[PDB]
Amino acid sequence: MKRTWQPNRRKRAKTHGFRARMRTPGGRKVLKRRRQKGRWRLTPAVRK
Amino acid sequence: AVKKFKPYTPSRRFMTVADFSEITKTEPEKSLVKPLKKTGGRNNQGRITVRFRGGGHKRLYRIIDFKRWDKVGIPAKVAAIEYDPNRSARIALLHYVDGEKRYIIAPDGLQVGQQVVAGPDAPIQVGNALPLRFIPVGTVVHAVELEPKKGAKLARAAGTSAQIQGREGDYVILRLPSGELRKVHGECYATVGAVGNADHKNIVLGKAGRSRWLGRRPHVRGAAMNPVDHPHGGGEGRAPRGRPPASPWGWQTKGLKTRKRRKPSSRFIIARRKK
RNA sequence: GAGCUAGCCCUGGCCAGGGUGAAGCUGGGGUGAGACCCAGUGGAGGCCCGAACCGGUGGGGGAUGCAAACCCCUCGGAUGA
RNA sequence: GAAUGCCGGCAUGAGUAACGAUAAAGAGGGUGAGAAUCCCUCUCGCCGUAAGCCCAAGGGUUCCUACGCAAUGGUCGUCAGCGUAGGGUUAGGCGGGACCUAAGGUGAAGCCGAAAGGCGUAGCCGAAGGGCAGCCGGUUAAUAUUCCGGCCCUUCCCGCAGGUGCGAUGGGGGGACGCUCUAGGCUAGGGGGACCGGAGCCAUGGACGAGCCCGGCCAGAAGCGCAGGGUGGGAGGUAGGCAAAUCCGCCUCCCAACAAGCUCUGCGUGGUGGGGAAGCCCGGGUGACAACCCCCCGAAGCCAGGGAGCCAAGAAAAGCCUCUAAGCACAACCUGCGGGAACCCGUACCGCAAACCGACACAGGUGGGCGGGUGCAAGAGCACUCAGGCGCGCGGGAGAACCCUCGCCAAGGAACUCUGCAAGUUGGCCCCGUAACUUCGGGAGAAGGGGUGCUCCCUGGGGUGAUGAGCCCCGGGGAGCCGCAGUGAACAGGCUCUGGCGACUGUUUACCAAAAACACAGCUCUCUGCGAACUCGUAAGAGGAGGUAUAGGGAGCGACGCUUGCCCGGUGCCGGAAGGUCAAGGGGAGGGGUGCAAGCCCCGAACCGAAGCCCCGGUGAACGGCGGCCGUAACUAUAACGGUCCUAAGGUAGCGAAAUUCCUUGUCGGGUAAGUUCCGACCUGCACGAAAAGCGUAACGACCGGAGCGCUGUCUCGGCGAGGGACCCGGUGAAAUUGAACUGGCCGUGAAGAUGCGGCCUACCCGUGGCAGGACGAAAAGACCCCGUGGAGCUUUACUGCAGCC
RNA sequence: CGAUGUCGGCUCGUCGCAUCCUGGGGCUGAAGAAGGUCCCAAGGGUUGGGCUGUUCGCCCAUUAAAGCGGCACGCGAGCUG
RNA sequence: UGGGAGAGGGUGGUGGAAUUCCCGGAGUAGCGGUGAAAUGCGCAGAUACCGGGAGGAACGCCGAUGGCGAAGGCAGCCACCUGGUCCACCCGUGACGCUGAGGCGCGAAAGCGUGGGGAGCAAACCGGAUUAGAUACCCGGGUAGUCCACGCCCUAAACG
RNA sequence: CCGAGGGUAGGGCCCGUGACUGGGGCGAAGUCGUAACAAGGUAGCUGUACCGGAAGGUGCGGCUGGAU
Ligand SMILES: [Mg+2]
Ligand SMILES: [Mg+2]
Ligand SMILES: [Mg+2]
Ligand SMILES: [Mg+2]
Ligand SMILES: [Mg+2]
Ligand SMILES: [Mg+2]
Ligand SMILES: [Mg+2]
Ligand SMILES: [Mg+2]
Ligand SMILES: [Mg+2]
Ligand SMILES: [Mg+2]
Ligand SMILES: [Mg+2]
Ligand SMILES: [Mg+2]
Ligand SMILES: [Mg+2]
Ligand SMILES: [Mg+2]
Ligand SMILES: [Mg+2]
Ligand SMILES: [Mg+2]
Ligand SMILES: [Mg+2]
Ligand SMILES: [Mg+2]
Ligand SMILES: [Mg+2]
Ligand SMILES: [Mg+2]
Ligand SMILES: [Mg+2]
Ligand SMILES: [Mg+2]
Ligand SMILES: [Mg+2]
Ligand SMILES: [Mg+2]
Ligand SMILES: [Mg+2]
Ligand SMILES: [Mg+2]
Ligand SMILES: [Mg+2]
Ligand SMILES: [Mg+2]
Ligand SMILES: [Mg+2]
Ligand SMILES: [Mg+2]
Ligand SMILES: [Mg+2]
Ligand SMILES: [Mg+2]
Ligand SMILES: [Mg+2]
Ligand SMILES: [Mg+2]
Ligand SMILES: [Mg+2]
Ligand SMILES: [Mg+2]
Ligand SMILES: [Mg+2]
Ligand SMILES: [Mg+2]
Ligand SMILES: [Mg+2]
Ligand SMILES: [Mg+2]
Ligand SMILES: [Mg+2]
Ligand SMILES: [Mg+2]
Ligand SMILES: [Mg+2]
Ligand SMILES: [Mg+2]
Ligand SMILES: [Mg+2]
Ligand SMILES: [Mg+2]
Ligand SMILES: [Mg+2]
Ligand SMILES: [Mg+2]
Ligand SMILES: [Mg+2]
Ligand SMILES: [Mg+2]
Ligand SMILES: [Mg+2]
Ligand SMILES: [Mg+2]
Ligand SMILES: [Mg+2]
Ligand SMILES: [Mg+2]
Ligand SMILES: [Mg+2]
Ligand SMILES: [Mg+2]
Ligand SMILES: [Mg+2]
Ligand SMILES: [Mg+2]
Ligand SMILES: [Mg+2]
Ligand SMILES: [Mg+2]
Ligand SMILES: [Mg+2]
Ligand SMILES: [Mg+2]
Ligand SMILES: [Mg+2]
Ligand SMILES: [Mg+2]
Ligand SMILES: [Mg+2]
Ligand SMILES: [Mg+2]
Ligand SMILES: [Mg+2]
Ligand SMILES: [Mg+2]
Ligand SMILES: [Mg+2]
Ligand SMILES: [Mg+2]
Ligand SMILES: [Mg+2]
Ligand SMILES: [Mg+2]
Ligand SMILES: [Mg+2]
Ligand SMILES: [Mg+2]
Ligand SMILES: [Mg+2]
Ligand SMILES: [Mg+2]
Ligand SMILES: [Mg+2]
Ligand SMILES: [Mg+2]
Ligand SMILES: [Mg+2]
Ligand SMILES: [Mg+2]
Ligand SMILES: [Mg+2]
Ligand SMILES: [Mg+2]
Ligand SMILES: [Mg+2]
Ligand SMILES: [Mg+2]
Ligand SMILES: [Mg+2]
Ligand SMILES: [Mg+2]
Ligand SMILES: [Mg+2]
Ligand SMILES: [Mg+2]
Ligand SMILES: [Mg+2]
Ligand SMILES: [Mg+2]
Ligand SMILES: [Mg+2]
Ligand SMILES: [Mg+2]
Ligand SMILES: [Mg+2]
Ligand SMILES: [Mg+2]
Ligand SMILES: [Mg+2]
Ligand SMILES: [Mg+2]
Ligand SMILES: [Mg+2]
Ligand SMILES: [Mg+2]
Ligand SMILES: [Mg+2]
Ligand SMILES: [Mg+2]
Ligand SMILES: [Mg+2]
Ligand SMILES: [Mg+2]
Ligand SMILES: [Mg+2]
Ligand SMILES: [Mg+2]
Ligand SMILES: [Mg+2]
Ligand SMILES: [Mg+2]
Ligand SMILES: [Mg+2]
Ligand SMILES: [Mg+2]
Ligand SMILES: [Mg+2]
Ligand SMILES: [Mg+2]
Ligand SMILES: [Mg+2]
Ligand SMILES: [Mg+2]
Ligand SMILES: [Mg+2]
Ligand SMILES: [Mg+2]
Ligand SMILES: [Mg+2]
Ligand SMILES: [Mg+2]
Ligand SMILES: [Mg+2]
Ligand SMILES: [Mg+2]
Ligand SMILES: [Mg+2]
Ligand SMILES: [Mg+2]
Ligand SMILES: [Mg+2]
Ligand SMILES: [Mg+2]
Ligand SMILES: [Mg+2]
Ligand SMILES: [Mg+2]
Ligand SMILES: [Mg+2]
Ligand SMILES: [Mg+2]
Ligand SMILES: [Mg+2]
Ligand SMILES: [Mg+2]
Ligand SMILES: [Mg+2]
Ligand SMILES: [Mg+2]
Ligand SMILES: [Mg+2]
Ligand SMILES: [Mg+2]
Ligand SMILES: [Mg+2]
Ligand SMILES: [Mg+2]
Ligand SMILES: [Mg+2]
Ligand SMILES: [Mg+2]
Ligand SMILES: [Mg+2]
Ligand SMILES: [Mg+2]
Ligand SMILES: [Mg+2]
Ligand SMILES: [Mg+2]
Ligand SMILES: [Mg+2]
Ligand SMILES: [Mg+2]
Ligand SMILES: [Mg+2]
Ligand SMILES: [Mg+2]
Ligand SMILES: [Mg+2]
Ligand SMILES: [Mg+2]
Ligand SMILES: [Mg+2]
Ligand SMILES: [Mg+2]
Ligand SMILES: [Mg+2]
Ligand SMILES: [Mg+2]
Ligand SMILES: [Mg+2]
Ligand SMILES: [Mg+2]
Ligand SMILES: [Mg+2]
Ligand SMILES: [Mg+2]
Ligand SMILES: [Mg+2]
Ligand SMILES: [Mg+2]
Ligand SMILES: [Mg+2]
Ligand SMILES: [Mg+2]
Ligand SMILES: [Mg+2]
Ligand SMILES: [Mg+2]
Ligand SMILES: [Mg+2]
Ligand SMILES: [Mg+2]
Ligand SMILES: [Mg+2]
Ligand SMILES: [Mg+2]
Ligand SMILES: [Mg+2]
Ligand SMILES: [Mg+2]
Ligand SMILES: [Mg+2]
Ligand SMILES: [Mg+2]
Ligand SMILES: [Mg+2]
Ligand SMILES: [Mg+2]
Ligand SMILES: [Mg+2]
Ligand SMILES: [Mg+2]
Ligand SMILES: [Mg+2]
Ligand SMILES: [Mg+2]
Ligand SMILES: [Mg+2]
Ligand SMILES: [Mg+2]
Ligand SMILES: [Mg+2]
Ligand SMILES: [Mg+2]
Ligand SMILES: [Mg+2]
Ligand SMILES: [Mg+2]
Ligand SMILES: [Mg+2]
Ligand SMILES: [Mg+2]
Ligand SMILES: [Mg+2]
Ligand SMILES: [Mg+2]
Ligand SMILES: [Mg+2]
Ligand SMILES: [Mg+2]
Ligand SMILES: [Mg+2]
Ligand SMILES: [Mg+2]
Ligand SMILES: [Mg+2]
Ligand SMILES: [Mg+2]
Ligand SMILES: [Mg+2]
Ligand SMILES: [Mg+2]
Ligand SMILES: [Mg+2]
Ligand SMILES: [Mg+2]
Ligand SMILES: [Mg+2]
Ligand SMILES: [Mg+2]
Ligand SMILES: [Mg+2]
Ligand SMILES: [Mg+2]
Ligand SMILES: [Mg+2]
Ligand SMILES: [Mg+2]
Ligand SMILES: [Mg+2]
Ligand SMILES: [Mg+2]
Ligand SMILES: [Mg+2]
Ligand SMILES: [Mg+2]
Ligand SMILES: [Mg+2]
Ligand SMILES: [Mg+2]
Ligand SMILES: [Mg+2]
Ligand SMILES: [Mg+2]
Ligand SMILES: [Mg+2]
Ligand SMILES: [Mg+2]
Ligand SMILES: [Mg+2]
Ligand SMILES: [Mg+2]
Ligand SMILES: [Mg+2]
Ligand SMILES: [Mg+2]
Ligand SMILES: [Mg+2]
Ligand SMILES: [Mg+2]
Ligand SMILES: [Mg+2]
Ligand SMILES: [Mg+2]
Ligand SMILES: [Mg+2]
Ligand SMILES: [Mg+2]
Ligand SMILES: [Mg+2]
Ligand SMILES: [Mg+2]
Ligand SMILES: [Mg+2]
Ligand SMILES: [Mg+2]
Ligand SMILES: [Mg+2]
Ligand SMILES: [Mg+2]
Ligand SMILES: [Mg+2]
Ligand SMILES: [Mg+2]
Ligand SMILES: [Mg+2]
Ligand SMILES: [Mg+2]
Ligand SMILES: [Mg+2]
Ligand SMILES: [Mg+2]
Ligand SMILES: [Mg+2]
Ligand SMILES: [Mg+2]
Ligand SMILES: [Mg+2]
Ligand SMILES: [Mg+2]
Ligand SMILES: [Mg+2]
Ligand SMILES: [Mg+2]
Ligand SMILES: [Mg+2]
Ligand SMILES: [Mg+2]
Ligand SMILES: [Mg+2]
Ligand SMILES: [Mg+2]
Ligand SMILES: [Mg+2]
Ligand SMILES: [Mg+2]
Ligand SMILES: [Mg+2]
Ligand SMILES: [Mg+2]
Ligand SMILES: [Mg+2]
Ligand SMILES: [Mg+2]
Ligand SMILES: [Mg+2]
Ligand SMILES: [Mg+2]
Ligand SMILES: [Mg+2]
Ligand SMILES: [Mg+2]
Ligand SMILES: [Mg+2]
Ligand SMILES: [Mg+2]
Ligand SMILES: [Mg+2]
Ligand SMILES: [Mg+2]
Ligand SMILES: [Mg+2]
Ligand SMILES: [Mg+2]
Ligand SMILES: [Mg+2]
Ligand SMILES: [Mg+2]
Ligand SMILES: [Mg+2]
Ligand SMILES: [Mg+2]
Ligand SMILES: [Mg+2]
Ligand SMILES: [Mg+2]
Ligand SMILES: [Mg+2]
């Protein structure tokens, strides 16, 4: 049947993307946390 | 003259539609329409604030002239009477001798080709708008401003009217559609006549699909829900109210008065509605 | 976190074919005028039969599955909420 | 040494289950160390409204070629979506951007919030909507509306020429719109041809033929022809379109008006440019100077912004046209021609799937377009087939039980069983014909029946055409033929009677309930006069509603029919300028502390003092409630009648052993041979009853009862047969579980149900196919129950607070 | 209670005997026939249907008879539900 | 042809008296009601009185033993639309007449449907009296209805 | 071919019968009240409507076949 992952590049970038994260106090804490943890990707990859 | 149907489906047994005889023009004035933004009952938070709304037919809004003291003295010709889906009344398209064109609520017995005008001097004929002080006592009236220059607010729904009962100082006294007796300032404009399309209240929707066309989504009895949802929710089997009948929010809904006590407009309400 | 699901908003798309034959209209009859009757025309409807499409009624299978809800048969809706 | 401990390793189950749709394979020839599995050929089977072809999303080199086979591939592998390497995606016209706006988002102005932040007209962003210029063919191993060929086109810059009051983010027009039905004429696509072109073929009894088989087109600028769309023209007045305006609007006049004219599409033609089969030969070559013509069917597409009817009344902005303002009129703009200029990103491949979403090369899920032919009344249904694509990445044998899916069955026909569950029966079209009841629509496909193929003959109308022929679509009559059987295969209702519930179509517990539940039109109560009530928010601000009592919120009831009784003492809500109570505050009789005193400080009675509550009324489609005992009639029985206690009032109409009845299978009647169910009655209703509505109701229901007819493998009562498994051989190879095991029966014993203790009995060692009585077999630290001064959801006249309101 | 699945039915049996029938007896208020009562006896047999989930029971039609109990109210790693 | 009388019918207007309610004023201990009472209303200021307002229904006198209509029935006033009827003249048509099974129309009240209206009255219903009882008569309340528009019902001691 | 009839299926009319139920007629001396006849002690009757153990009562309109 229809599963829960229906990928969509626009949806991905507008929801989890770098700019959406920066527009919001919580999103900026996410970026700061993942930078502190040394993540290689701060934000999901999506082709655009 | 509400139209019936033969019972050739279960719903057509009871369905009645308006007869649309008074309508003379089937498309609106392009310079007077604008898009009506449907809300689904949601506010600027996206939250539902009025339940069971949405999904009705697309509508264009017709700009209506609820001032008419806008063009004092300038007479106009009644060009067309049209359907308006944003209100129960029909609307009349006016061609002013100016060249300006405008919609008003169509009063009862207004005729295509007659002339209307507004102002302190206007004749006391159906379709004309005067300050209330210049309309004689006893006159049936609609489209009444409630405060000078603020716009027609009262008696606008199909079939409704106010009647002038008397004068007192700067105020006249109206019997509103609801039977209330209320002082309205003498400078408020009002249009002579009652609103038209009075058979509107005799329409039998006939089926659930019809309410859906009007943007009305099904209404759920609180007694059909659970206690997380509603005071009347829950109970094994069917259940009476078991408490004073209440709203989803807990306040009582059989008699509890709700008009604000210390409201300044009280000094102008002579007698509350009845019947 | 509403890329699942629920509701709503905007903008597009889709619904083989067959059947039934409302109003109205025209004519004929009818009457003082009528109501009305009849035939033709007409093509209405949360109308009917049925694919797509949307469902999931009953039974059987499957039960370390092909599948963490599937398969076969059968069955509901299919111009409409 | 134990923690259902943690991490890792390795066992057991076991050469066991399985190897992923039952669309299906066989052979010959190649390659190679190795071949059922790779390649080639022939034969066979499957899909063909796809299992074919083309877009979009998503995926991200999986594409093509060469070389490989350790791992990945459920077997094998020489093969591959795998490993290594190289190559491959070419645009002014396709899509997106340098254009427009939708919801929504963001947001100068402005508003609000302890901070973070929340709003917010404009404006800006935002598309699968608007707008905008490219079609046919050829070429590559792999791209192509992109390269090439041919024929067309758009914008920008500069110039020349002609023309004009030129000029705008400002005014106006237009853009600009629903649903259903639909006309004319076309195109796509399709059918036939005794005509045109073609390699050929004559088989096995016949045919050298009007034979068979194959093909008979595509693109095209101006011009022209056909069919459509769009649009009145001139003048005068003018106060409206937030300046102006010759534009638009309004008024008047004249002419033109099923027209015309102008303008714009579609189709046809069209210079020209292409393509071009079977067969044979080796993707190529021939065929071939290929032919490219006629008739018919014909769209859901095109003309289109077409027409009609209807109510639920159907986006915006730009492009574009017109108007004028600054300005400028040497400019500028319009038209025509010429030269020059024309950027960025995508383009490979998969794409109903082995490349996307499902951990897998997973019977699941995934939006748009094309989707041929014949017959079956039609169709995208069904059967078979074209083009094209496949045989589903383990095989080979065997022909047990048993399982699955399927076929048939003597006599009987529901005797099966909780239940006709399941499976039969019926089954399309045409004609005949059709009951109670009804809201007059219906019930209805009621029921029940007859017809149905082929051949010859005569014949009716419609479309094409010409009015004919031919083609084409529906038929009508007659005479015959064959079989068991003519919707001869596939697709395609079993029917009736009678109850309960819900009026109805709808909706629901994704993934154990689809229902009698929810919704529903309709009815009633009640709130609300608009800065409405109500809802969300601390607020600002929103929704309500650009609505206004024929409207909006809340509640119950639930089409419709006939109706909805009595009780206001308690609770609720409504009304009540009195009285009682009542907080802060006012007031200050009268005290107290200290100081020498002036004073400073503290306590404080009366009285005045809101809402609320008390109190007085009202109110049931507000919460709710609607009795007991005893007596009595000239047979008896039973009580119309009476007495008395009590209550706020004592249940009315209707209905009743009920979706409600405990005693209960009440009693009687019906149906049956027989009926705890069913139906009809009765009424001592444990414990119906009137909008948590009462009693009925045509039609409707995958709802739940009861009955009958039809028919059956449901059954008496089982038998046979088919395929896929099970079984044997080759390849690959799991799982839960498991203290260790050298693991029998009885009668006893034992923590009370013993392979393991006692006494008897029985028993050579080890497997394979089977069955499930036991190992208190597995699974899941029982979800029932209790316990914990454990948790959570929910309620209220529990407690105590809070928002909100007064 | 770190699970001993719980009614009835179906299927399949097997056992006890306080015996329903068949076989052998004593007494009889046993004339015969047919019974009653008790003793011995477990070899075999002990039907089909209507009602209800029913066990049981009642009823219909038969029969030689239509026995009563146990086996975790025998039997859900056998089925049903 | 010329005149007449009339509550004949339909539509639109409109006038005054009275009741009820509301507002203001003035005033105080009862009002109401009956056979008698009570229930009820009233110091939260009723009744009685004055002024203002709202609303519905019916039209006093004239009015009659009257008039008109086929019947049912029709009554303030005004206008419009409209029917029946009588009288005069003796003008026109030339038996064109009577009745009338069916049919069709009208048809008091009550009642029914959908809206609207609601002052007074008042089935049902509540209360107070009476009574052996009093599901009545009397008294205090009171809902349909009575009123309007449209559509039904079609009865009557619809009687002379 | 027609055809007595027989079979199937569905309608129509009539007769008999049916748990139970509805009222009706009749029947020497039953129970409850007293509605009508006199102004019958509320004049009666009337059509309709609602209500009540019962006769009846009340509303609306009508009749005199009402009395003083
Ligand atoms: Mg889903
Ligand atoms: Mg999605
Ligand atoms: Mg995307
Ligand atoms: Mg997207
Ligand atoms: Mg998105
Ligand atoms: Mg976001
Ligand atoms: Mg982002
Ligand atoms: Mg911050
Ligand atoms: Mg990572
Ligand atoms: Mg890095
Ligand atoms: Mg992130
Ligand atoms: Mg109707
Ligand atoms: Mg009808
Ligand atoms: Mg109208
Ligand atoms: Mg516009
Ligand atoms: Mg917003
Ligand atoms: Mg709401
Ligand atoms: Mg809503
Ligand atoms: Mg409205
Ligand atoms: Mg309207
Ligand atoms: Mg005012
Ligand atoms: Mg209404
Ligand atoms: Mg609407
Ligand atoms: Mg509603
Ligand atoms: Mg509801
Ligand atoms: Mg509930
Ligand atoms: Mg519930
Ligand atoms: Mg919640
Ligand atoms: Mg709560
Ligand atoms: Mg609650
Ligand atoms: Mg409750
Ligand atoms: Mg409940
Ligand atoms: Mg209950
Ligand atoms: Mg419930
Ligand atoms: Mg309760
Ligand atoms: Mg409450
Ligand atoms: Mg009011
Ligand atoms: Mg979603
Ligand atoms: Mg998605
Ligand atoms: Mg459809
Ligand atoms: Mg048909
Ligand atoms: Mg027809
Ligand atoms: Mg028409
Ligand atoms: Mg339908
Ligand atoms: Mg049909
Ligand atoms: Mg089945
Ligand atoms: Mg499962
Ligand atoms: Mg399936
Ligand atoms: Mg199927
Ligand atoms: Mg259907
Ligand atoms: Mg359809
Ligand atoms: Mg230890
Ligand atoms: Mg473990
Ligand atoms: Mg542990
Ligand atoms: Mg351990
Ligand atoms: Mg571990
Ligand atoms: Mg290791
Ligand atoms: Mg381990
Ligand atoms: Mg290992
Ligand atoms: Mg192992
Ligand atoms: Mg092993
Ligand atoms: Mg083996
Ligand atoms: Mg084994
Ligand atoms: Mg396995
Ligand atoms: Mg497997
Ligand atoms: Mg299959
Ligand atoms: Mg082979
Ligand atoms: Mg091989
Ligand atoms: Mg090999
Ligand atoms: Mg193979
Ligand atoms: Mg090959
Ligand atoms: Mg071969
Ligand atoms: Mg096909
Ligand atoms: Mg991937
Ligand atoms: Mg390998
Ligand atoms: Mg290998
Ligand atoms: Mg290697
Ligand atoms: Mg492998
Ligand atoms: Mg391998
Ligand atoms: Mg695999
Ligand atoms: Mg090799
Ligand atoms: Mg490539
Ligand atoms: Mg190009
Ligand atoms: Mg640029
Ligand atoms: Mg923009
Ligand atoms: Mg954006
Ligand atoms: Mg776009
Ligand atoms: Mg383009
Ligand atoms: Mg082109
Ligand atoms: Mg190409
Ligand atoms: Mg210009
Ligand atoms: Mg438009
Ligand atoms: Mg528009
Ligand atoms: Mg659009
Ligand atoms: Mg519509
Ligand atoms: Mg073409
Ligand atoms: Mg064809
Ligand atoms: Mg030969
Ligand atoms: Mg030849
Ligand atoms: Mg001007
Ligand atoms: Mg060729
Ligand atoms: Mg050549
Ligand atoms: Mg289409
Ligand atoms: Mg369509
Ligand atoms: Mg179009
Ligand atoms: Mg059109
Ligand atoms: Mg806009
Ligand atoms: Mg110059
Ligand atoms: Mg120009
Ligand atoms: Mg650039
Ligand atoms: Mg690029
Ligand atoms: Mg490409
Ligand atoms: Mg699929
Ligand atoms: Mg597709
Ligand atoms: Mg593939
Ligand atoms: Mg997942
Ligand atoms: Mg595979
Ligand atoms: Mg798959
Ligand atoms: Mg073809
Ligand atoms: Mg067919
Ligand atoms: Mg295969
Ligand atoms: Mg397949
Ligand atoms: Mg396979
Ligand atoms: Mg074998
Ligand atoms: Mg199969
Ligand atoms: Mg067969
Ligand atoms: Mg056979
Ligand atoms: Mg048989
Ligand atoms: Mg039978
Ligand atoms: Mg039979
Ligand atoms: Mg049966
Ligand atoms: Mg069942
Ligand atoms: Mg069958
Ligand atoms: Mg069939
Ligand atoms: Mg019948
Ligand atoms: Mg019938
Ligand atoms: Mg029937
Ligand atoms: Mg019936
Ligand atoms: Mg009928
Ligand atoms: Mg039939
Ligand atoms: Mg037949
Ligand atoms: Mg025939
Ligand atoms: Mg034949
Ligand atoms: Mg024969
Ligand atoms: Mg069928
Ligand atoms: Mg239901
Ligand atoms: Mg239903
Ligand atoms: Mg019901
Ligand atoms: Mg109903
Ligand atoms: Mg439906
Ligand atoms: Mg479920
Ligand atoms: Mg669930
Ligand atoms: Mg679930
Ligand atoms: Mg299920
Ligand atoms: Mg359920
Ligand atoms: Mg259903
Ligand atoms: Mg529900
Ligand atoms: Mg319903
Ligand atoms: Mg109702
Ligand atoms: Mg109402
Ligand atoms: Mg709030
Ligand atoms: Mg705050
Ligand atoms: Mg709004
Ligand atoms: Mg608004
Ligand atoms: Mg409901
Ligand atoms: Mg309900
Ligand atoms: Mg209903
Ligand atoms: Mg009825
Ligand atoms: Mg009460
Ligand atoms: Mg009270
Ligand atoms: Mg109370
Ligand atoms: Mg107070
Ligand atoms: Mg209670
Ligand atoms: Mg109570
Ligand atoms: Mg009653
Ligand atoms: Mg009973
Ligand atoms: Mg019942
Ligand atoms: Mg009960
Ligand atoms: Mg019982
Ligand atoms: Mg019982
Ligand atoms: Mg019985
Ligand atoms: Mg019987
Ligand atoms: Mg009884
Ligand atoms: Mg209730
Ligand atoms: Mg209930
Ligand atoms: Mg009922
Ligand atoms: Mg019914
Ligand atoms: Mg019914
Ligand atoms: Mg249903
Ligand atoms: Mg159902
Ligand atoms: Mg049954
Ligand atoms: Mg049956
Ligand atoms: Mg039967
Ligand atoms: Mg069998
Ligand atoms: Mg076999
Ligand atoms: Mg062997
Ligand atoms: Mg092996
Ligand atoms: Mg392997
Ligand atoms: Mg050991
Ligand atoms: Mg050992
Ligand atoms: Mg052993
Ligand atoms: Mg042993
Ligand atoms: Mg023991
Ligand atoms: Mg033992
Ligand atoms: Mg042993
Ligand atoms: Mg030992
Ligand atoms: Mg020992
Ligand atoms: Mg031992
Ligand atoms: Mg031993
Ligand atoms: Mg032994
Ligand atoms: Mg073996
Ligand atoms: Mg074995
Ligand atoms: Mg076992
Ligand atoms: Mg077992
Ligand atoms: Mg066991
Ligand atoms: Mg154990
Ligand atoms: Mg066990
Ligand atoms: Mg488990
Ligand atoms: Mg635990
Ligand atoms: Mg435990
Ligand atoms: Mg536990
Ligand atoms: Mg547990
Ligand atoms: Mg549970
Ligand atoms: Mg316990
Ligand atoms: Mg405690
Ligand atoms: Mg404790
Ligand atoms: Mg606790
Ligand atoms: Mg808690
Ligand atoms: Mg707080
Ligand atoms: Mg509130
Ligand atoms: Mg336990
Ligand atoms: Mg365990
Ligand atoms: Mg366990
Ligand atoms: Mg059985
Ligand atoms: Mg003897
Ligand atoms: Mg004897
Ligand atoms: Mg024996
Ligand atoms: Mg039994
Ligand atoms: Mg038992
Ligand atoms: Mg029993
Ligand atoms: Mg036993
Ligand atoms: Mg025992
Ligand atoms: Mg026991
Ligand atoms: Mg027991
Ligand atoms: Mg058992
Ligand atoms: Mg089981
Ligand atoms: Mg069992
Ligand atoms: Mg077991
Ligand atoms: Mg076991
Ligand atoms: Mg069950
Ligand atoms: Mg006083
Ligand atoms: Mg007093
Ligand atoms: Mg009033
Ligand atoms: Mg004469
Ligand atoms: Mg009448
Ligand atoms: Mg009347
Ligand atoms: Mg007395
Ligand atoms: Mg008389
Ligand atoms: Mg015979
Ligand atoms: Mg009397
Ligand atoms: Mg008397
Ligand atoms: Mg009397
Ligand atoms: Mg008397
Ligand atoms: Mg009475
Ligand atoms: Mg009279």
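Protein chains get the first letters and strands the later ones, always in sequence-line order, with residue 1 at the start of each.
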Polar atom pairs between nucleotides 78-81 of chain C and protein, under 3.5 Å, N or O only, would you list them?
unit_1	atom_1	unit_2	atom_2	d
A81(C)	OP1	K207(B)	NZ	3.2
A81(C)	OP2	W213(B)	NE1	2.9
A81(C)	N3	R212(B)	NH1	2.8

Below 3.5 Å between N/O atoms, which protein atoms pair up with nucleotides 611-619 of chain D? Just atom names and distances, please.
none

- Item | Footprint string (nucleotides 345-357 of chain D, 5' to 3'): B base within contact, S backbone only, - free, heavy atoms under 4.0 Å | ------------S

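- Shown here are the side chain to side chain contact (heavy atoms under 4.5 Å, CB included) partners of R216(B), two or more places apart in sequence or in another chain: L205(B), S211(B), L214(B).
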- Under 4.0 Å protein heavy-atom contacts per nucleotide of nucleotides 315-320 of chain D, with B for base, S for backbone only and - for none: SS----

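- With sequence neighbours left out, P123(B) forms a side chain to side chain contact (heavy atoms under 4.5 Å, CB included) with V117(B), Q125(B), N128(B).
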- Would you write out the dot-bracket form of RNA chain C, 5' to 3', with Watson-Crick and G-U pairs under 3.5 Å, [ ] for crossing pairs, | for pairs to other strands and . for unpaired bases? ..............(.((((...((((((......))))))...)|)))...(((..((((........)))).)))..).

Distances under 3.5 Å between protein N/O atoms and the N/O atoms of nucleotides 558-563 of chain D, please, pair by pair.
unit_1	atom_1	unit_2	atom_2	d
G558(D)	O6	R221(B)	NE	3.3

